[PDB]
Amino acid sequence: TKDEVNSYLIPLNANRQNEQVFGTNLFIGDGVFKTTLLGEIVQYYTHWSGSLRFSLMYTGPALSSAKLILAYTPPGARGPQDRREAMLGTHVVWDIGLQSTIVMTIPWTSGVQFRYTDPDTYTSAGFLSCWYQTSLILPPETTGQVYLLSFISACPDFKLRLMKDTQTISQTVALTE
Amino acid sequence: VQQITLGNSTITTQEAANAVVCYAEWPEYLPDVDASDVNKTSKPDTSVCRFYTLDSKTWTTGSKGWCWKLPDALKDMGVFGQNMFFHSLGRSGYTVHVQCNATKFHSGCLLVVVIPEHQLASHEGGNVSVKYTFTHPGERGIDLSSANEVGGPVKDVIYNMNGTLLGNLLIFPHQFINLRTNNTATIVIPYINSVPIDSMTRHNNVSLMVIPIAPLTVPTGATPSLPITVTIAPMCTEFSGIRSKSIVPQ
Amino acid sequence: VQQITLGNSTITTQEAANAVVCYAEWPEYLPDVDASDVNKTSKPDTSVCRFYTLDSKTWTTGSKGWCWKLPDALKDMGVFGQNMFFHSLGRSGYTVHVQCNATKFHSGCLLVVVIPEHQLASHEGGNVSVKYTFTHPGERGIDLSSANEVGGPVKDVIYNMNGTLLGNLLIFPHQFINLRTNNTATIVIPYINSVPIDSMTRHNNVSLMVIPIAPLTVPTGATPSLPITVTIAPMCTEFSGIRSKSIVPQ
Amino acid sequence: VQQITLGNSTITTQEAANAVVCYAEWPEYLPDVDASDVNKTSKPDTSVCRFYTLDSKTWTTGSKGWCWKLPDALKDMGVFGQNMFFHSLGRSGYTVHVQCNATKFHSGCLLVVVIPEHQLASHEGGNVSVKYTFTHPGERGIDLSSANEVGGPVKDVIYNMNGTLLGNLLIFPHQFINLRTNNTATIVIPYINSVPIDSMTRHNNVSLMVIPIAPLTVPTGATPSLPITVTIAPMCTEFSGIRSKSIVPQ
Amino acid sequence: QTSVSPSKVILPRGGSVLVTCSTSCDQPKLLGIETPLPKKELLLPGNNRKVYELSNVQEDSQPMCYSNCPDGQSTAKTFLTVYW
Amino acid sequence: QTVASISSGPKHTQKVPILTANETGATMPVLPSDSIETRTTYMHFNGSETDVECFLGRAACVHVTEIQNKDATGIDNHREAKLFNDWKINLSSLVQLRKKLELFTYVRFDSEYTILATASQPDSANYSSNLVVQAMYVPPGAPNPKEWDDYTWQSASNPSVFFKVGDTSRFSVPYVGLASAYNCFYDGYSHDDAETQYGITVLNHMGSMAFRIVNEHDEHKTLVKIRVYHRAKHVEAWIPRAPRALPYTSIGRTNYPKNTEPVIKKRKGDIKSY
Amino acid sequence: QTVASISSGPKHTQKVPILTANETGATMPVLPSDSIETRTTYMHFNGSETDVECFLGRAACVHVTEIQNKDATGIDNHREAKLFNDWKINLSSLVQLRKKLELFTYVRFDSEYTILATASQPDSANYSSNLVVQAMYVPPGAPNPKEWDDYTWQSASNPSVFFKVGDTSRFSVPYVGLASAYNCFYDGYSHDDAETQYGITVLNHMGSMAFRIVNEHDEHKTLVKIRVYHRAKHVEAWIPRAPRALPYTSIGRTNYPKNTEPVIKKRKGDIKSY
Amino acid sequence: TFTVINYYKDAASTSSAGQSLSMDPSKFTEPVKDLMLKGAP
Amino acid sequence: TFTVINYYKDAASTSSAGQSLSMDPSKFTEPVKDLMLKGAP
């Protein structure tokens, strides 16, 4: 209901099989992305093109193990409702170990050369979902939810064209000192 | 004579079949300079580059014509249809082969024409839209002589279903099938679009219209119909963005 | 670390994943000297050469094992399945990636083994045959711990479902998934057959068996199961003889 | 392993401690081209270029975070503090070393971030100012989990005490202390200011924030806290305008 | 999601009705009503809601509000009936 | 000098250029010199006025709206009061221009806009006000102002031009389409849905213009009529099309009204009449 | 042509570029070519509109005040009567511009000012006056005029521009900060004192503008609204910053109001919903 | 006989481009090719 | 394609400068250096 640090923590549960971790649409100037640096700079422009860099950092105990599959579903198909559907598109099987961070690129996958930064059906960017590949296994003496941190950024091939005002901040009265 | 062999398919023509290549441009794969999508494209083999024959229409003395939309007409054709449904993006040229044979006693003239971006008009007026199911009929296409339907396009061939006059449709790449002269028409269509590649499902790049101009006049006592058969082969087809199979209405 | 990227798929492994290549032979396309079928083969693109993940099995303390048959397990997997159904002939290698992670407190050992021509025995004796539906289960495979069925294979893992002893299954290309050591197994399978190419539907070239040898012993108070996930990528796949889609039972 | 020896101080790390150098700029002495003050600067010896350890904070399951302001946190640290009080002008870089060790059973993630010109917001709204005593707390810093005070800054870590969202704080030079991966974070801060040198007392160049992002989850039955220790070494420190010792409030 | 008000209306033959199209999207690019009837967009501020006076309704019609908003159903149909 | 016709005498040609087969769909370039004995003439003509840049390239009034300067105290709907007005930019509302553009499938051009504001004071007024108009180009999909003195007008990003009523503003807008060219015809949908709109697409969004009178109110009401003139320049056009024959009914659709009059003129006489 | 993506085929890499450690605080430049097989595409793009000069570089209305031309006989407080008005220059009063600037810690720019004066005569008037506005830039700390016809307006040093109402003035002011850049954020005080103001500093003094109508009074009252537009040029920006999420409450402070609404939108559904 | 200086930095600001010299109608009037000379790629 | 004459003596009077060619994000994205290669002065 409120803005919390917990909004940034993607919960992972132990002993979940063939299950979904998270799923989101890829309207970068909206939804979960609206407040990120990428989304904020994106809302100042009307058009965007290029690839996105999506990262996940595992924060659970060192003695845990998990294989996740992060899937990008290009536009034209619904958000995947099962892992089988998800793994037919662009995906990365991530084995959590000494390297706690996976970096999946969302390749620019579009016919039209530019997409609208504001949500639009024609210029839809597809879907992003994460699923349990094997499962999460916690060591003994540990219980509860472990968390993933998801990061967003732009690849060096990113483009932003047509300047516009941002709808993030508003005013009805002039400010003073 | 002429023979075109694509994959495991062959069309032989005892007419000196001269092909129209729309705008003197052969189908080509998307070059790097024009590409925007970064994924390596899927360029199918013999499996798709082959002649698919659609079900034949019957040309009667009072038939108005038929309209197919590509790639919609081939959405259920072997491996091409599957690839079109499994990939997010696709571009393709076409070799269209319209066939209609008769005797030296028959008369009639078909206009075979390819219209890029043949946006259909609605018969209801105002700002009504033609529904998806009508603009994506499939291999059966649109029969211009049938009656109007709720959400269907207008079907007065005089106005090309778009508010332009039929006589002027020769500005588009076309061939006539004049029963005295020839029985086949061949048009090679390149990929035509404002974007380098596009979604094959929601957008029809071209429309193939076969229109009787000079009506069919069969000899006395003859059966008052002729079959018209359309054969299409995808050419320089590319697919990108493989994922779960798309779900379209009908 | 290791990363294998096929088409739009990527498997990352923080284990130094060493791959077994069956009989030190990489998958290869059929050379001219060995070819009999004259048709130009269809060699799919990124569209098929990619990792397909099967639904995960749960490894419990009393599970006997699982068996998949290729290419049957991939008959419903994206573009590969469609091509397998639309063509008369097909040959393919495979990169099998079996994944099973646990903690440093778990113990257990899986035998991941690839058996060419794994002809299954019937549990009924005499000369009864295992029915098509049981030898072509699909992505679910055969669970060796389930009960017998009329027309199904025998399911005593000690005898490999074929009358040979389990201990001897190491003569085939295999890897162990020892929970103390590794969590993934990778086997690269070439096309193995007495004929250069064959029908992908009626004949299973290889069988993938994942067998618990050392039983799963989870730490005290832990959930008594582990998921086992199989990921397969067709390699050097060829198809020949495209035609109407085959009709198989189930 | 790694060892950094400054003066008579040494920090050893059995982690491969990778240091973040803010904006890829090492601390440097003010060059002649940028200098405005004419006095020859005082460049202290080993006496100041050394690691000062601040008192440790306890990281509990419900702690919001801590904030230190430099050079305020070191105003009472050996010779550096004295020089900072006796001189009118001063500039300095810093090597910050945040230390927090746990076992392989703990989970939690600290965000260690350096914010130049971290102007704090007042919790009262309007145009109220945060009083000097609160923005110059010293080696104890600001504890974000404590309650508000009259004239103190706002302490909602979600908004960084300045009206910006926490998720976006990665634009600043930062390192995470992920208990599964690493136990130390090292950030090298250069002198950042619109003026070449400035008064060390009335202006805090940077703010060091250590924020729990992923909460501390200790193993069952374990003590529900971890100590966090901050170690700082002034780097390329200069002082100018020696005079009577400054008098500041508290 | 796209919405139309009223959901349904019964009106006399040849009469006028006010149909409202709305979106959940605050800033839609396409927002209108598809109908063969003569219509008049009422001067109204804002981007995500429109009002049309559909004049001279002669038959049973199904005016569809449309938009490009990707949340939910991007189209909504209302049902006009005539009594005479 | 480019030759229009070459001297040509009697011809007993066996390569008959006047017998062809239109069944092939080619317009073989048969010249007067092929069927009649000709003299040699020169063109004296470059065809500068038939180039698409000129054919589609003069300023045309593409929108007209009236706004008012009046006391705004005690009004809820400023848009209804005509205190301001916005307009999604389109070159389809004027039929002459639309038909010319619709002669092609894809068109790419930069836009030069000229806004002419003219004031009228129908009711009793003691003088003519010195009013200033604000024409704000809002990017595609950006929020339009909701009231006359909304903060949207003070946008730090939206291009705005302030000019006196009775005078003009001029500013160019580059080609702003997402695709390589505008789709003057689109045979598709925004996505695969059964009920979604046909033809009309967001690919052809050229922006929008909002207009208000910046001045506060005088004692009398001033009616300001704003005429937007668009001139296409740096024009590129592809795929010639059959010209429009029937009236239009809506923007972005090829629909024509039911019961339209015949286009082809009927002959006063039979087919033999001259 | 700059390459956006390179052709890349199957990869059995042991130097896994997609497994990293964000604990280090580096955004390793992982490209699409690293996780998927790619084709070769080109950028066709320079990023001219994302340069800070363009991002922070169009004219925005930064102050609006109304002044009057009326009979000044028998008035003590001319400022209260709105005969003149002054304004300490600041780009913080408009939130769009403030947030854009606050994306950086230090900003250096020259200022181009455009002042638009528009006249209104709400009460009965026989005609529209030909008024002249004086916009006087007063240097930081210089005395502002105290009455409408004070001698401060006849300053031999203060830059002044005289222009007709209804028209504009334009003049540039160089970067006038004492330090090498403006402190859009200042974590300090003017001196070491227990009670002194925090944040707001004299380092960022850009001057002040005074406005009056030079004309003597007519028989009627004329209301003149002055809009000051600022355009930053020759912009240099340092130290990117977390964008502003909450409303502002004052100039020069980072304070936000109590009981503010949540910034992060709540999801319509659980974390798995698309 | 004629002179133009570009006063603005943007290409969209320049006056009209003029005439496309190389005009050739064979694209539309002579799009026929024999498909037995293998012109197809 | 473009021309500018400076009409005023002050640098503050010139139009905007244009684009900063040499743009490189590694300052912000790759600020990590090993401190065991003695990069510090």
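Quick note on labels: first sequence line is chain A, next is B, and so on, each numbered from 1.
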Atom pair CE/OG1 of I/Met23 and G/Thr50 - distance to nearest 0.5 Å
5.5 Å

Quick check against the 3.5 Å criterion: does G/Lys233 have a side-chain atom that pairs as donor or acceptor with the backbone of I/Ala17?
no

Do G/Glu112 side-chain atoms and I/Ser16 backbone N/O form a donor-acceptor pair below 3.5 Å?
no

[X] versus [Y], closest heavy-atom pair with distance:
X	Y	answer
G/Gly47	I/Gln19	O-NE2, 3.3 Å
G/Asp51	I/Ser20	OD1-OG, 2.8 Å
I/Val32	G/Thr24	CG2-O, 3.4 Å

Out of I/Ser26, I/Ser13, I/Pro25, I/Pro31, which one racks up the most heavy-atom pairs below 4.5 Å with chain G?
I/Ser13

Most contact-rich option vs chain G, by heavy-atom pairs under 4.5 angstrom, among I/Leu21, I/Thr14, I/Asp10, is I/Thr14

Could you tell me which portion of I/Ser15 (side chain, backbone, both or neither) has an atom closer than 4.5 angstrom to a non-hydrogen atom of chain G?
backbone

Side chains of I/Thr29 and G/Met28: does their closest heavy-atom pair fall under 4.5 Å?
no

Counting neighbours of OH on G/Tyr42 that are heavy atoms of other residues, nucleotides or ligands and sit closer than 6.0 Å, is the number greater than 12?
no

